[PDB]
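The number in the deposited numbering is simply the position in the sequence shown, starting from 1, with 1 added. In what follows, a single structure is set out as structure tokens and then discussed.
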Amino acid sequence: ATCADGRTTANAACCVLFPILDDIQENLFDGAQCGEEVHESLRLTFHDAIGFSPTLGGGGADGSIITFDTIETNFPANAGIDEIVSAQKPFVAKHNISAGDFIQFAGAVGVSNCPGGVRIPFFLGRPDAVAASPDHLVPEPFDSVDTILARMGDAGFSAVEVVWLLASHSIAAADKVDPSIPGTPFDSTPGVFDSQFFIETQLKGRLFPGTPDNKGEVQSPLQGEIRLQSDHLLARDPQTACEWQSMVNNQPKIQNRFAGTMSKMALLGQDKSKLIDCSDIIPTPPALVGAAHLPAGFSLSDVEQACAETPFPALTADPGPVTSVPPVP
Ligand code: HEM
Ligand SMILES: [Ca+2]
Ligand SMILES: [Ca+2]
Numbered sequence: 002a003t004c005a006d007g008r009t010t011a012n013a014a015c016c017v018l019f020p021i022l023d024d025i026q027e028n029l030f031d032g033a034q035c036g037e038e039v040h041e042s043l044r045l046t047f048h049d050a051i052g053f054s055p056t057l058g059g060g061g062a063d064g065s066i067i068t069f070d071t072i073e074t075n076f077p078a079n080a081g082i083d084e085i086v087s088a089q090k091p092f093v094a095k096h097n098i099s100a101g102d103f104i105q106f107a108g109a110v111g112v113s114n115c116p117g118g119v120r121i122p123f124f125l126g127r128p129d130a131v132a133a134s135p136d137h138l139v140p141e142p143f144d145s146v147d148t149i150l151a152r153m154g155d156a157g158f159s160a161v162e163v164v165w166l167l168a169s170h171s172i173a174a175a176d177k178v179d180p181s182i183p184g185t186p187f188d189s190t191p192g193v194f195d196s197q198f199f200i201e202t203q204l205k206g207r208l209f210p211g212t213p214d215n216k217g218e219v220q221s222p223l224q225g226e227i228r229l230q231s232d233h234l235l236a237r238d239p240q241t242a243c244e245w246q247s248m249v250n251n252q253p254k255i256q257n258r259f260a261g262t263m264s265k266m267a268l269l270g271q272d273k274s275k276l277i278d279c280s281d282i283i284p285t286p287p288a289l290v291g292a293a294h295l296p297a298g299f300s301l302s303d304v305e306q307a308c309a310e311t312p313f314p315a316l317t318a319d320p321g322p323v324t325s326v327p328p329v330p
């Protein structure tokens, strides 16, 4: 099919997405960058979608976190997402797609801006939300590992799928976990979609990067990096440790599994056979930059081995003294 300006796509319904693509790239993502708006939009995809349970209810990836923002942004687990919900709302208002489609589309376009990123399949046609999500369906970083896995399982994800979706923490920071240091990232390369998250969470903790008594946070290996309690434990739990370790220096697997599992997340509450394939709209991401490494001054003896079947791979360290990671602007 050929769209209004001559750009093409397999399914013509998808032509609606070209001016939306252009508008969010310029006016949401600061000129197609992998920065804070892309990171918040990616988080939003999960907080919208995971509000789904075959028994507890919720419409899943239905745009409810925007349509019913006054309800959902008041759930404690949604702290900090009000900003991106406010930023996206006028795009939904202006443009010609459901809030469900818009959230997942913005997250996919966002990921494609990040060096190392992957094109996440995108389907169009989600109906409008019927009702606010129930509260208590979004995992919290202070939840037990088995609780997080059971919650994700109830929505349809295996434990290894949860590991793959957490590749998102490779381009991610926290503003509310420790509000003394907002914008502190979960890995040393929040602008690069890469394996450093899976490496750096496996290091022995050393220090709190800000204050010491924040719920859902544990010690970080690096100044200027924050570590969630949930990620710390998922990196070490028998259900997930070996899969977590398997991501290290495995860019193609991180890309392939993130894409396929985000597509599945993006379809929670929906039926792929009742939607239109618009995957060809998503831009080609930039090449990965950098290579898998231990942080400066670390060695393999600083890794806490938790995978019972295979040892953690040796990785070179960056040269020099240890360093601080700058916050996400
Ligand atoms: C599996 C359980 C998960 C837990 C416990 C968890 C927890 C968190 C927390 C506590 C934050 C910091 C929010 C803040 O204080 O600003 C965060 C940020 C983020 N999360 Fe996760 N998350 C989970 C899964 C996911 C998934 C499946 C995605 C997939 C899209 C995701 C994407 C993100 C992103 C991109 C950010 C960065 C937000 C920003 O930079 O401001 N998370 N997550
Ligand atoms: Ca929802
Ligand atoms: Ca990264």
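Using N, Cα and C, we set each Cβ at its ideal position, and we do this for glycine too.
{"Check": "Ligand 1 and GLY117: does any heavy atom of the ligand fall closer than 6 Å to the residue's C-beta?", "Outcome": "no"}
{"Check": "Which runs of the alpha helix (DSSP H) spanning at least 4 residues fall entirely within the segment 209–239, listed in chain order?", "Outcome": "230–235"}
{"Check": "Counting only runs that start and end within the segment 96–172, where is the alpha helix (DSSP H) found for 4 or more residues in a row?", "Outcome": "100–113, 146–156, 160–166"}
{"Check": "Rounded to the nearest angstrom, what separates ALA236 and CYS308 at their Cα positions?", "Outcome": "9 Å"}
{"Check": "Going by the beta-carbon positions, is the gap between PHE143 and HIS170 smaller than 7 Å?", "Outcome": "no"}
{"Check": "Helix, strand or coil for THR74? Go by DSSP, reduced to three states.", "Outcome": "coil"}
{"Check": "From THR317 to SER196, what does the alpha carbon distance come to, in whole angstroms?", "Outcome": "14 Å"}
{"Check": "Put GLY261 into one of helix, strand or coil per three-state DSSP.", "Outcome": "helix"}
{"Check": "So is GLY7 buried or exposed if we call it buried at 16+ other beta carbons inside 10 Å?", "Outcome": "exposed"}
{"Check": "Along the chain, where does the beta strand (DSSP E) containing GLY58 start, and where does it finish?", "Outcome": "58–60"}
{"Check": "So, under 8 Å CB-CB, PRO328 and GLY126 are touching, yes? Tell me the CB distance rounded to an integer number of Å.", "Outcome": "With a Cβ gap of about 39 Å, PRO328 and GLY126 do not count as contacting."}
{"Check": "Please list, in chain order, all residues with a C-beta atom less than 5 Å from at least one heavy atom of ligand 2.", "Outcome": "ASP49, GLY52, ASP63, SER65, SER134"}
{"Check": "Excluding the 5 residues flanking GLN230 on each side, which residues of the same chain have their C-beta closer than 7 Å to its C-beta?", "Outcome": "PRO142, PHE143, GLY217, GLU218, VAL219"}
{"Check": "Between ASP83 and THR74, which are expected to be in contact by the criterion C-beta below 8 Å, what is the C-beta distance as a whole number of angstroms?", "Outcome": "4 Å"}
{"Check": "Given that a residue counts as buried once 16 or more other Cβ atoms are within 10 Å of its Cβ, and exposed if not, what is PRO222?", "Outcome": "buried"}
{"Check": "Secondary structure at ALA88, three-state DSSP: helix, strand or coil?", "Outcome": "helix"}
{"Check": "Please return the same chain residues whose Cβ sits closer than 8 Å to the Cβ of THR241, not counting the five positions on each side in sequence.", "Outcome": "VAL146, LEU150, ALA160, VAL161, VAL163, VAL164, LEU235"}
{"Check": "Taking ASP23 as part of the alpha helix (DSSP H), name the residues at either end of that continuous run.", "Outcome": "18–28"}
{"Check": "Can the beta-carbon of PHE47 be found closer than 7 Å to that of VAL39?", "Outcome": "no"}
{"Check": "Where does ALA318 fall in DSSP's three states?", "Outcome": "strand"}
{"Check": "For ligand 3, which residues have a Cβ under 5 Å from at least one heavy atom, in chain order?", "Outcome": "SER171, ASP188, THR190, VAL193, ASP195, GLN197"}
{"Check": "I'd like to know if the segment 248–268 and the segment 208–215 are in contact, where contact means that at least 3 CB-CB pairs between them fall below 8 Å.", "Outcome": "no"}
{"Check": "If you draw a straight line from the C-alpha of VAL290 to the C-alpha of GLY225, how long is it?", "Outcome": "21 Å"}
{"Check": "Counting only the same chain and skipping the five closest in sequence on each side, list residues whose C-beta sits under 8 Å from that of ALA11.", "Outcome": "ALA2, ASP278, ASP281"}
{"Check": "Could you tell me the distance, in whole angstroms, from the CA atom of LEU301 to the CA atom of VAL93?", "Outcome": "48 Å"}
{"Check": "Grouping DSSP H, G and I as helix and E and B as strand, with all else coil, what is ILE282?", "Outcome": "helix"}
{"Check": "Check the DSSP bridge columns for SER54 and list the partner residues they point to.", "Outcome": "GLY58"}
{"Check": "Taking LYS90 as the reference, give the member of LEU167, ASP70, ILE182, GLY81 with the closest Cα.", "Outcome": "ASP70"}
{"Check": "For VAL17, count neighbouring C-beta atoms within 10 Å of its own C-beta (all shown protein chains included) and say buried if the count is 16 or more, exposed if not.", "Outcome": "buried"}
{"Check": "Would you check if the distance between the CB atom of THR68 and the CB atom of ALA130 is smaller than 7 Å?", "Outcome": "yes"}
{"Check": "Are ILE121 and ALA33 closer than 7 Å when you measure CB to CB?", "Outcome": "no"}
{"Check": "Cα separation between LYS95 and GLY298?", "Outcome": "50 Å"}
{"Check": "If we ignore side chains and look at the alpha-carbon of each, how far apart do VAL323 and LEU167 end up?", "Outcome": "26 Å"}
{"Check": "To the nearest angstrom, how far is the alpha carbon of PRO191 from that of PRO20?", "Outcome": "28 Å"}
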